[PDB]
């Protein structure tokens, strides 16, 4: 089932990829391609490397220069596409914690990494933020000040789910505190993109907190 790419705002594109199988259904995962003129920035590589190659095709066929990718944590729906992009000399970005954590697992690692809780890419275009542990110890989010879109990755859950889902890496205890750190940025969010499922509004934050305290208590 091949990659899908669609525009969700000027210079912002949603890519959805489909990994499946072995007696479970089809799972979808989302990331973005964010444009500043001809220059593209990828947020979370497609699951597989064959779909990541297609995403790179989508970009360059349209004459886009792919400046960098950013992964939102060490798990593979966000990552191991990092290997391919490295092989092409395209800068791959994560948090330091994430880079170290990928190394500990002997998995391929980004060539670039940022050190504190905040970091900006594209000269203003993409603001990254580590709010604390949640779905994973290292999950970050990305804020796009132009389109007023927050990419929540698996730190958040679309309205279509009713369970945080996977928590083996998680800190249900601390999840609620992390989303609140997000709400504290007071981003003027007009849209949230989850790692899985459907794009929605700012209300996805509240719904996520709804499920984090439901599972602590």
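Numbering follows the first chain given and starts at 1.
Taking only CA atoms, the mean B-factor in the PDB entry is higher for 160-168 than for the other of 160-168 and 32-40. Remark: stretch with higher mean C-alpha B factor among 117-125 and 88-96 is 117-125. Looking at 70, 56, 155, 27, the one whose CA carries the top B-factor in the deposited record is 27.
Across the residues 148, 180, 62, 186, the deposited record lists the maximum Cα B factor for 186. Among the modelled residues of its chain, residue 75 has a C-alpha B-factor that falls in the highest third according to the deposited record. The deposited CA B-factor of residue 106 belongs to the highest third of values across its chain. For residue 66, the recorded CA temperature factor ranks within the lowest third of the chain's modelled residues.
Per the PDB record, residue ranking by Cα B-factor puts residue 17 in the middle third of the chain.
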